[PDB]
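A.B. asks: Take a look at query_31.cif, mmCIF, C-alpha atoms and all ligand atoms:
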data_start
loop_
_atom_site.group_PDB
_atom_site.id
_atom_site.type_symbol
_atom_site.label_atom_id
_atom_site.label_comp_id
_atom_site.auth_asym_id
_atom_site.auth_seq_id
_atom_site.Cartn_x
_atom_site.Cartn_y
_atom_site.Cartn_z
ATOM 1 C CA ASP A 297 -34.339 38.773 -58.616
ATOM 2 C CA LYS A 298 -31.899 36.020 -57.651
ATOM 3 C CA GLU A 299 -30.060 35.109 -54.455
ATOM 4 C CA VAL A 300 -28.081 32.078 -53.308
ATOM 5 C CA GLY A 301 -29.195 32.457 -49.695
ATOM 6 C CA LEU A 302 -28.177 30.323 -46.737
ATOM 7 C CA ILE A 303 -28.763 26.634 -46.040
ATOM 8 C CA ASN A 304 -30.168 26.281 -42.520
ATOM 9 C CA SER A 305 -30.884 22.598 -41.825
ATOM 10 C CA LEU A 306 -27.854 21.202 -43.688
ATOM 11 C CA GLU A 307 -24.151 21.779 -43.242
ATOM 12 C CA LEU A 308 -21.598 21.496 -46.028
ATOM 13 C CA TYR A 309 -18.767 19.129 -45.124
ATOM 14 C CA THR A 310 -15.490 20.912 -45.926
ATOM 15 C CA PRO A 311 -12.406 18.664 -46.036
ATOM 16 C CA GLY A 312 -9.433 19.401 -43.839
ATOM 17 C CA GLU A 313 -6.485 21.432 -45.074
ATOM 18 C CA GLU A 314 -3.623 20.049 -42.953
ATOM 19 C CA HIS A 315 -2.135 16.813 -41.629
ATOM 20 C CA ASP A 316 -2.579 16.000 -37.940
ATOM 21 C CA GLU A 317 -0.071 13.853 -36.086
ATOM 22 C CA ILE A 318 -1.834 10.749 -34.764
ATOM 23 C CA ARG A 319 -0.691 9.321 -31.448
ATOM 24 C CA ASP A 320 -1.714 6.151 -29.669
ATOM 25 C CA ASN A 321 -3.879 8.372 -27.502
ATOM 26 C CA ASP A 322 -6.095 9.104 -30.502
ATOM 27 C CA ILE A 323 -6.227 5.420 -31.489
ATOM 28 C CA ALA A 324 -7.177 4.389 -27.951
ATOM 29 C CA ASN A 325 -9.799 7.143 -27.678
ATOM 30 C CA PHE A 326 -11.310 6.205 -31.051
ATOM 31 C CA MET A 327 -11.416 2.471 -30.343
ATOM 32 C CA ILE A 328 -12.658 2.778 -26.732
ATOM 33 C CA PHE A 329 -14.660 5.956 -26.137
ATOM 34 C CA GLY A 330 -15.709 6.520 -29.741
ATOM 35 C CA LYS A 331 -14.117 9.980 -29.829
ATOM 36 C CA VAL A 332 -12.755 11.147 -33.177
ATOM 37 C CA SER A 333 -12.308 14.317 -35.214
ATOM 38 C CA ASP A 334 -12.935 14.714 -38.932
ATOM 39 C CA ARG A 335 -9.235 15.454 -39.462
ATOM 40 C CA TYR A 336 -8.468 11.896 -38.312
ATOM 41 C CA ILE A 337 -10.806 10.488 -40.962
ATOM 42 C CA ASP A 338 -9.478 12.890 -43.600
ATOM 43 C CA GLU A 339 -5.902 11.818 -42.843
ATOM 44 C CA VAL A 340 -6.540 8.058 -42.835
ATOM 45 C CA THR A 341 -8.902 8.208 -45.840
ATOM 46 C CA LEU A 342 -6.466 9.957 -48.189
ATOM 47 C CA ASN A 343 -4.116 7.024 -48.359
ATOM 48 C CA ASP A 344 -4.730 3.290 -48.156
ATOM 49 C CA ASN A 345 -1.611 1.804 -46.507
ATOM 50 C CA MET A 346 -2.716 2.942 -43.036
ATOM 51 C CA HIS A 347 -3.938 -0.389 -41.707
ATOM 52 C CA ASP A 348 -2.590 0.379 -38.262
ATOM 53 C CA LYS A 349 -5.159 3.042 -37.604
ATOM 54 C CA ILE A 350 -8.545 2.156 -39.176
ATOM 55 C CA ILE A 351 -10.369 -0.905 -40.499
ATOM 56 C CA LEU A 352 -10.777 -0.419 -44.252
ATOM 57 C CA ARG A 353 -14.251 -1.640 -45.188
ATOM 58 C CA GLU A 354 -14.644 -3.162 -48.643
ATOM 59 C CA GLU A 355 -18.199 -1.831 -49.028
ATOM 60 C CA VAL A 356 -16.864 1.722 -49.508
ATOM 61 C CA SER A 357 -15.643 1.109 -53.064
ATOM 62 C CA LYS A 358 -18.817 -0.723 -54.123
ATOM 63 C CA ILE A 359 -20.967 2.017 -52.588
ATOM 64 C CA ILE A 360 -18.971 4.700 -54.431
ATOM 65 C CA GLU A 361 -19.270 2.784 -57.715
ATOM 66 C CA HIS A 362 -23.025 2.551 -57.147
ATOM 67 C CA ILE A 363 -23.505 6.231 -56.322
ATOM 68 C CA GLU A 364 -21.383 7.418 -59.275
ATOM 69 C CA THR A 365 -23.864 5.795 -61.708
ATOM 70 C CA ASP A 366 -26.965 7.712 -60.507
ATOM 71 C CA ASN A 367 -28.352 5.387 -57.828
ATOM 72 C CA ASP A 368 -29.369 6.228 -54.276
ATOM 73 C CA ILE A 369 -28.119 4.271 -51.267
ATOM 74 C CA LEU A 370 -29.882 2.905 -48.178
ATOM 75 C CA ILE A 371 -27.588 1.447 -45.505
ATOM 76 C CA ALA A 372 -29.056 -0.737 -42.766
ATOM 77 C CA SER A 373 -27.226 -2.592 -40.014
ATOM 78 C CA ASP A 374 -27.499 -3.827 -36.441
ATOM 79 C CA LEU A 375 -26.785 -1.882 -33.249
ATOM 80 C CA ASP B 297 -35.791 -17.218 15.897
ATOM 81 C CA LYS B 298 -32.835 -15.385 14.362
ATOM 82 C CA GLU B 299 -31.495 -14.811 10.848
ATOM 83 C CA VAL B 300 -29.081 -12.243 9.423
ATOM 84 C CA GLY B 301 -30.664 -12.189 5.971
ATOM 85 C CA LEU B 302 -29.505 -10.196 2.973
ATOM 86 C CA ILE B 303 -29.442 -6.445 2.354
ATOM 87 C CA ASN B 304 -31.063 -5.630 -0.962
ATOM 88 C CA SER B 305 -31.036 -1.848 -1.510
ATOM 89 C CA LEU B 306 -27.424 -1.149 -0.443
ATOM 90 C CA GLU B 307 -24.051 -2.515 -1.524
ATOM 91 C CA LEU B 308 -21.001 -3.119 0.662
ATOM 92 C CA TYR B 309 -17.696 -1.571 -0.382
ATOM 93 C CA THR B 310 -14.640 -3.822 -0.574
ATOM 94 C CA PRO B 311 -11.140 -2.282 -0.744
ATOM 95 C CA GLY B 312 -8.478 -3.257 -3.267
ATOM 96 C CA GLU B 313 -5.226 -4.317 -1.659
ATOM 97 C CA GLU B 314 -4.084 -5.823 -4.936
ATOM 98 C CA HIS B 315 -1.956 -2.934 -6.140
ATOM 99 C CA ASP B 316 -2.929 -2.491 -9.789
ATOM 100 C CA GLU B 317 -0.340 -0.959 -12.090
ATOM 101 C CA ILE B 318 -1.001 2.571 -13.346
ATOM 102 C CA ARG B 319 -0.271 3.739 -16.892
ATOM 103 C CA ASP B 320 -0.503 7.133 -18.575
ATOM 104 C CA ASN B 321 -3.639 5.983 -20.397
ATOM 105 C CA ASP B 322 -5.384 5.529 -17.043
ATOM 106 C CA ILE B 323 -4.309 9.075 -16.133
ATOM 107 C CA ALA B 324 -5.785 10.423 -19.365
ATOM 108 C CA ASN B 325 -8.998 8.394 -19.084
ATOM 109 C CA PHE B 326 -9.593 9.467 -15.479
ATOM 110 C CA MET B 327 -8.805 13.131 -16.084
ATOM 111 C CA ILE B 328 -10.609 13.583 -19.415
ATOM 112 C CA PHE B 329 -13.218 10.902 -19.956
ATOM 113 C CA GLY B 330 -14.374 10.305 -16.372
ATOM 114 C CA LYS B 331 -13.977 6.525 -16.485
ATOM 115 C CA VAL B 332 -12.164 5.167 -13.423
ATOM 116 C CA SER B 333 -12.114 1.972 -11.368
ATOM 117 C CA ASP B 334 -12.185 1.204 -7.662
ATOM 118 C CA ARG B 335 -8.610 -0.121 -7.587
ATOM 119 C CA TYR B 336 -7.462 3.311 -8.763
ATOM 120 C CA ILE B 337 -9.158 5.100 -5.860
ATOM 121 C CA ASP B 338 -7.815 2.548 -3.372
ATOM 122 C CA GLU B 339 -4.320 3.000 -4.805
ATOM 123 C CA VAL B 340 -4.323 6.816 -4.705
ATOM 124 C CA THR B 341 -5.403 6.802 -1.045
ATOM 125 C CA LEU B 342 -2.929 4.626 0.894
ATOM 126 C CA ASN B 343 0.151 6.671 -0.058
ATOM 127 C CA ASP B 344 -0.106 10.464 0.071
ATOM 128 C CA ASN B 345 2.905 11.096 -2.199
ATOM 129 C CA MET B 346 0.873 10.181 -5.318
ATOM 130 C CA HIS B 347 0.335 13.794 -6.313
ATOM 131 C CA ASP B 348 0.887 13.341 -10.034
ATOM 132 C CA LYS B 349 -2.212 11.175 -10.391
ATOM 133 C CA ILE B 350 -5.026 12.766 -8.344
ATOM 134 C CA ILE B 351 -5.844 16.155 -6.827
ATOM 135 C CA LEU B 352 -5.891 15.807 -3.037
ATOM 136 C CA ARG B 353 -8.527 18.076 -1.545
ATOM 137 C CA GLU B 354 -8.261 19.109 2.098
ATOM 138 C CA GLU B 355 -11.989 18.609 2.739
ATOM 139 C CA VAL B 356 -11.753 14.820 3.113
ATOM 140 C CA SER B 357 -9.655 15.216 6.273
ATOM 141 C CA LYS B 358 -12.212 17.543 7.845
ATOM 142 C CA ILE B 359 -15.129 15.288 6.873
ATOM 143 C CA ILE B 360 -13.370 12.293 8.437
ATOM 144 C CA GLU B 361 -12.722 14.354 11.575
ATOM 145 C CA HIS B 362 -16.380 15.413 11.746
ATOM 146 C CA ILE B 363 -17.644 11.845 11.230
ATOM 147 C CA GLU B 364 -15.325 10.474 13.920
ATOM 148 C CA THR B 365 -17.207 12.534 16.541
ATOM 149 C CA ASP B 366 -20.684 11.109 15.736
ATOM 150 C CA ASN B 367 -21.761 13.870 13.349
ATOM 151 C CA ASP B 368 -23.449 13.143 10.044
ATOM 152 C CA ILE B 369 -22.351 14.985 6.904
ATOM 153 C CA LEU B 370 -24.056 16.831 4.050
ATOM 154 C CA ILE B 371 -22.013 17.765 0.964
ATOM 155 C CA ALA B 372 -23.238 20.284 -1.602
ATOM 156 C CA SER B 373 -21.394 21.618 -4.636
ATOM 157 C CA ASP B 374 -22.120 22.364 -8.291
ATOM 158 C CA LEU B 375 -22.001 20.722 -11.678
HETATM 159 N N1 LIG C 401 -9.558 15.131 -6.787
HETATM 160 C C1 LIG C 401 -9.607 15.038 -8.132
HETATM 161 N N2 LIG C 401 -8.502 14.796 -8.863
HETATM 162 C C2 LIG C 401 -8.551 14.703 -10.200
HETATM 163 N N3 LIG C 401 -9.677 14.842 -10.912
HETATM 164 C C3 LIG C 401 -10.855 15.086 -10.301
HETATM 165 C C4 LIG C 401 -10.884 15.203 -8.845
HETATM 166 N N4 LIG C 401 -12.154 15.447 -8.497
HETATM 167 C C5 LIG C 401 -12.880 15.483 -9.639
HETATM 168 N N5 LIG C 401 -12.103 15.269 -10.712
HETATM 169 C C6 LIG C 401 -12.556 15.236 -12.115
HETATM 170 O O1 LIG C 401 -13.659 16.119 -12.288
HETATM 171 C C7 LIG C 401 -14.688 15.505 -13.055
HETATM 172 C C8 LIG C 401 -16.007 15.604 -12.315
HETATM 173 O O2 LIG C 401 -15.862 14.893 -11.093
HETATM 174 P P1 LIG C 401 -17.147 14.349 -10.308
HETATM 175 O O3 LIG C 401 -17.830 13.327 -11.170
HETATM 176 O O4 LIG C 401 -16.738 13.970 -8.915
HETATM 177 O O5 LIG C 401 -18.053 15.662 -10.218
HETATM 178 P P2 LIG C 401 -19.541 15.544 -9.647
HETATM 179 O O6 LIG C 401 -19.749 16.609 -8.610
HETATM 180 O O7 LIG C 401 -19.799 14.103 -9.315
HETATM 181 O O8 LIG C 401 -20.422 15.930 -10.917
HETATM 182 P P3 LIG C 401 -22.007 15.906 -10.759
HETATM 183 O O9 LIG C 401 -22.268 16.982 -9.741
HETATM 184 O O10 LIG C 401 -22.514 16.219 -12.140
HETATM 185 O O11 LIG C 401 -22.279 14.503 -10.286
HETATM 186 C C9 LIG C 401 -14.310 14.055 -13.247
HETATM 187 O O12 LIG C 401 -14.064 13.804 -14.627
HETATM 188 C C10 LIG C 401 -13.047 13.843 -12.452
HETATM 189 O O13 LIG C 401 -12.088 13.114 -13.216
#
Starting from the file, lay out its structure as structure tokens.
C.D. replies:
Amino acid sequence: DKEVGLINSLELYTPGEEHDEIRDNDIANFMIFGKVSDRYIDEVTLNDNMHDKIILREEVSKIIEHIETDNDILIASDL
Amino acid sequence: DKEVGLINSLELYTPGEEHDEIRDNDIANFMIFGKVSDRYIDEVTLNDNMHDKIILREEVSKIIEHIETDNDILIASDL
């Protein structure tokens, strides 16, 4: 007996499959109301010249280098 | 003995003659996100030709007419 089953309390994050046009409306909504879609992040996180749409944090590369060498992460910050 | 004092559980409305400029972002924020200011409501009231910025119900006219004849109002609607 063997079965893959279903995962109930966790959801697998599937990356987007298309490019969405980004208007100033989306920038204003993201920077004011906090509204965003995962396609926005997938579009601006594929390249790295897009400094007119998201603040590129330097901790991302260090965190990725740390996780790729078998080490867990614990992020803590303010409000 | 006489003293006007201060009113502590109610606030007094003050209109906004200063005509604030209106942009498309204010249209989007009001229609979608619910955020709006008092200057907006004062601006969309004085002139009745501003139909591309707010939906003008016909109930406000009847409520004003009912309150001008010393009748109190009760308004009930839904979510
Ligand atoms: N006359 C109008 N023109 C344009 N938009 C309107 C108008 N009336 C209401 N809306 C929109 O409908 C939404 C709900 O409006 P409002 O907050 O008045 O409902 P409500 O009855 O107060 O809701 P609740 O009953 O939960 O308090 C708001 O986002 C608002 O922008």
A.B. asks: Within 10 Å of ligand LIG 401 (chain C), counting only C-alpha atoms and all ligand atoms: which residues, as an NGL selection string?
C.D. replies: :B and (323-332 or 340 or 347-354 or 371-375)
A.B. asks: Can you tell me how far CA of residue 318 (chain A) sits from CA of residue 356 (chain A), in Å to one decimal?
C.D. replies: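 Between CA of residue 318 (chain A) and CA of residue 356 (chain A) the gap is 22.9 Å.
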A.B. asks: One decimal, in Å: what's the spacing between CA of residue 366 (chain A) and CA of residue 335 (chain A)?
C.D. replies: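 The value is 28.6 Å.
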A.B. asks: Starting from the displayed file, determine the output of the PyMOL selection byres (((chain A and resi 336) around 9) and not hetatm) and express the residue list as a list in words.
C.D. replies: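 Selected by the PyMOL selection byres (((chain A and resi 336) around 9) and not hetatm) here: residues 315, 316, 317, 318, 322, 332, 333, 334, 335, 337, 338, 339, 340 and 341 of chain A.
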A.B. asks: Between CA of residue 303 (chain A) and CA of residue 360 (chain A), what is the distance in Å, rounded to a tenth?
C.D. replies: 25.4 Å
A.B. asks: Excluding residue 369 (chain A) and any residue of its chain fewer than 4 positions from it, enumerate the residues within 8 Å of it, using only C-alpha atoms, and give them as a list in words.
C.D. replies: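 Counting only the stated atoms, we get residues 359, 362 and 363 of chain A.
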